[PDB]
Number of protein chains: 12
Amino acid sequence: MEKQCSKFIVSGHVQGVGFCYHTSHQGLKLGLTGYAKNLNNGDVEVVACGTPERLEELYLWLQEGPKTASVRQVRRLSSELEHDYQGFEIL
Amino acid sequence: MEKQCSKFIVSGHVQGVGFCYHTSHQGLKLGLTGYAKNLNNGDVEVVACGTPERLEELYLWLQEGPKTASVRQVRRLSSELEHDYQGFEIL
Amino acid sequence: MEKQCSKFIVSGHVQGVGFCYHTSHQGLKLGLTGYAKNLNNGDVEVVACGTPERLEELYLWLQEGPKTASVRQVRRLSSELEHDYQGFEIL
Amino acid sequence: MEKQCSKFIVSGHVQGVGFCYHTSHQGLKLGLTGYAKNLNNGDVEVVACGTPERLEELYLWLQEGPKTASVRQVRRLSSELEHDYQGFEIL
Amino acid sequence: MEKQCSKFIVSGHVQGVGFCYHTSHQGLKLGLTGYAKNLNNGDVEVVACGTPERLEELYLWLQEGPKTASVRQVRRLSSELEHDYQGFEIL
Amino acid sequence: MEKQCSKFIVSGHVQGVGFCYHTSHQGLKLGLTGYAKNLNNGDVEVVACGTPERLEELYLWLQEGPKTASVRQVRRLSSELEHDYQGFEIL
Amino acid sequence: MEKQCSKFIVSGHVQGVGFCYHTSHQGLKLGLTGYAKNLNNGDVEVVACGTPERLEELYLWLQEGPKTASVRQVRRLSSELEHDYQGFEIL
Amino acid sequence: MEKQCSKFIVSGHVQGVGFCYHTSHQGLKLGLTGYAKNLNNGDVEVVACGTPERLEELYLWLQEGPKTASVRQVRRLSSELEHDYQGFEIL
Amino acid sequence: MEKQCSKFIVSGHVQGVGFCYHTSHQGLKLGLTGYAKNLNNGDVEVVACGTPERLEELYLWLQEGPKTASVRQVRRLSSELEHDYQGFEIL
Amino acid sequence: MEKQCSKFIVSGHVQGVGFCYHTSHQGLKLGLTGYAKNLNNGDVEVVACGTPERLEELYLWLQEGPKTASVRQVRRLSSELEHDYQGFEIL
Amino acid sequence: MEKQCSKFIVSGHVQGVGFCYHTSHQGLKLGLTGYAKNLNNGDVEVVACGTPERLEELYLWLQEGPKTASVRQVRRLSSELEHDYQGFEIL
Amino acid sequence: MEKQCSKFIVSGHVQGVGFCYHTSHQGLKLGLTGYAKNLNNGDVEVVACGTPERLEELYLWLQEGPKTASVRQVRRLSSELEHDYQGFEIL
């Protein structure tokens, strides 16, 4: 099995609207691990680790997937993370 | 960011059929906090806290949302609760 | 494997004399789940869930089972709750 | 030491303003145990167990003590509670 | 309410792809208890306890329910388990 | 002291009737450690570690000791466990 | 309720034989709090807090009550501690 | 019922002197949530969420309120945080 | 920073009156670590670790700081502790 | 990064001699995840997930790495395990 | 599998220098249980339980084993402890 | 006992190879506190607190000490951190 970590920066009406919980829930259904972190500027930083295919699935969900939040942008950032995160924690 | 609390009395075949867990899950996907409490008479008392729009979203889900429990009635009660509930616990 | 819940009201000198602990211990030995809850009028509300035969055993112990407390009366009240509690905790 | 429990019904703007946390803190400083409970009507039910002298001190604090909340009224109710609560929880 | 337990053996690509989490979440929405266990041969052993209808509902989900995992076969095995599990654990 | 571990297989109506809890409670009063595991075929696997005198005493309790469960047969099977378990858990 | 604390020094074969657990259990059934500490010389220190009548009942159990340990002597020592211990811990 | 988050940077001798604990305690008495974070340059970053009047109160306390720490300056920086923190933790 | 540990013996009516909790709270506001232990002779043993100035600060509060307890004497005893305790526990 | 799991069956004087704790410690230094389970026959089942090189390092350590246990044999079993194990736990 | 307990009094520069952690770690690698307790006079009290061979092994490590602390003396004291300590705790 | 804090930025192949676990373990044997944090660029941020002598000892270990990770550079950064961290966490 292959494994890599990707960082996503999500912006819009994404805080206090269940986005971190839903993203965590969605990621765990994909066998992904990482975290959803609330940034001070009102963004949410999503880090996910797993096969590139499942990450692609999550990236697509962050954009299109049915959710309470109003996602305006999802920017895929370069990441050199190879750390094993336990579960999908809300930060 | 406006926050208010609403109380819902759900009646029907609604205990021991995953309704409390599902209500909790749905409320957290909405960014809501509160609890789902099992009453002695077979009803489930749901208290949810958040913006009125998200509360209308939960109230609608309690009625029509796809679930295992057989909901017969969902009654909206007055509440002056302004307490910050942590998460969405099953009681 | 039929399972139901029953509510018991125990009156007398039954608070602060180890009754709630002993009751929950007795219930767990009967394979029951529920709670022992101290009421403001000095009574103790005992909710237990399991097969009717076990619930009959618990009632019998509540009345004349060897204990510290002085039980003047045990009354079984109606209950329609079908929720599955975890263990037997004190409230 | 002798030990008894007292119930207080605090009314006014007392929820979501750090009242339950402050009450529990003030209770523990008095060597008291019990709980502070948020009621649906906006009131806060305060139960405290300890010496009559310390309960009186808590009664006075609930009425006049410097706090964020604006207390409208503190009603003292009779209680037959003789149960030992661990610490001073908020519910 | 009636209670029985059923064992399931799921084969295919079902490990490290969120199947255990998703199954657990699915069972909890059905009001089921038990566990999802990872076996050395690549399979996942699912034990679920509840009413026969709910167990049939989960059995159907394991086969055709929308999931990340690719399920080859869902073998249903006999079980005499009458133990009460807490929640739906991943092993 | 000289500890050893013994494995016991108990058959009959011994699951969901407080047997695992009671066994662990009894074992802890004997100063024993280990666990009680529920098996798929309805049996209960009891593992206990301690001095042989205590293990014999536990064996006799599993057979004749006043309990809720209906014990058909208790079989001490071979064990080469030398691991130190903490407390007496239920599996 | 009147609350007193008593100190007991128990000598004999009382360590590693389920004595601390059984004492703790027995104390909790009496509505007592405190602890049972294992001493380097092989003795067991038992501190218990509650009503004088219940303390006398525990003092009797330590002496005569059926247990695994072989109690040699039970010396009741004076105690001025009026601290509220949570539960009945083994130390 | 109107909530917002404010970010404060506190400078001076403010680390290792009980400031983070005291701030959280004070904030919790105000009915606020958030965190007190220790920065590498010796500053303490305080984030608090609640009604503006309470955040005013906290700011004033950070400056003048009786404390062990020696505060040289307090600056409220911008924040678009709309996440709901639980309690008031130290980082 | 320069850290040392000090031991204090507090005598009088200092148990079961919230002294240990309050002392713990006070020490944590001073940025101190250690414990408050209830002694059998009615005394309370307070061990606190931090800078000397804060330890002088604590000693002064132990004597005349507004508290529930009635302190008749505070004695500082020798200590060569250099262990880092976590928080301020009650023993 | 690529990831895979391997199962090791360790036989010898390997139980109750710190082998499980040391294997766990060693595996975590290699950045591996999995478990060390004590088997009834006196063996220890080691499952470790990570890069193939890290696994070979652990395999080598199991065979001849300095340890308290007297390892007689280390058998490498085929495994289709692809589950994310958290940490390196003892079972 | 026999088991006894031994007490070691370690004097020197042995507090706040990782000695309690390292001793705990070493003892767990030896399959031992017990504790490392910081004494008020600067010494560290070490109690370990297991086979005499392993206890001799720890005793030697306390004296010569590579460590951060500057151990000046290790006193082997008599003990009648037969209590099953869980893990190797730092006190 | 004097204590200060230092920041280290370690680069190379240092994530997912037990570096954070090993570092924290090594710091605790030195009697240090702080954390090991995984950065997005592949680096690991190490903050350690304690006596200057021990900090240099850890600094040297980061460079030369036997470890799984392949360390390119260890850059020491200035720090005014005076906060007391509990243990040695991985972030």
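Read the figures in this text as sums done on the coordinates, not as results from a lab. Quick reminder, even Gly has a Cβ in these numbers, built from the backbone with ideal geometry, and neighbours come from all protein chains shown.
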Compute the signed sum of charges (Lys and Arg +1, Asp and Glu -1) over the other residues within less than 14 Å, Cβ to Cβ, of J:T23. +1
Taking the Cα centroid of segment H:1-30 and of segment D:66-85, what is the distance between the two, rounded to the nearest whole Å? 29 Å
Degrees separating the helix A:52-63 axis from the principal Cα axis of chain A, which is the longest one: 0 degrees
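So, with +1 on the Cβ of K and R and -1 on the Cβ of D and E, and no other charges, what is the size of the charge dipole of chain L about its Cα centre, to the nearest 20 debye? The partial results should precede the final answer.
Details: 9 positive and 11 negative charges, 64 e Å.
It comes to approximately 300 debye.
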Per DSSP helix of 4 or more residues, -39500 (n - 2.57); summed, then divided by the residues of the protein assembly as shown. What does that give at 222 nm, rounded to the nearest 500? -8000 deg cm²/dmol
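In peptide K:39-48, how many Cβ atoms from other protein chains are near each Cβ within 10 Å, on average?
Working: counts 3, 10, 4, 6, 1, 1, 1, 0, 2, 0.
Across K:39-48, the average partner-chain Cβ count within 10 Å equals 3.
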FRET E, pair B:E53, B:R75, Förster distance 25 Å, beta-carbon r, rounded to 0.05: 0.75
Under 8 Å for C-alpha pairs, at least 6 residues apart: give me the relative contact order for chain I, rounded to a whole percent. 47 percent
Any idea what angle helix B:19-29 forms with the longest principal axis of chain B, computed on alpha-carbon atoms, 0 to 90 degrees, nearest 10? 30 degrees
Name the chain I residue with the Cβ nearest the axis that maps I onto J: which is it, and what is the distance in angstrom? I:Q86, 14
Using a Cα-Cα cut-off of under 24 Å, which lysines could be cross-linked to J:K3, ignoring same-chain neighbours fewer than 8 residues away? A:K3, A:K7, A:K29, E:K37, E:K67, J:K29, J:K37, L:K37, L:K67
Long-range amide H partners of B:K37 with built H, under 5 Å: B:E45, B:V46, B:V47, B:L91
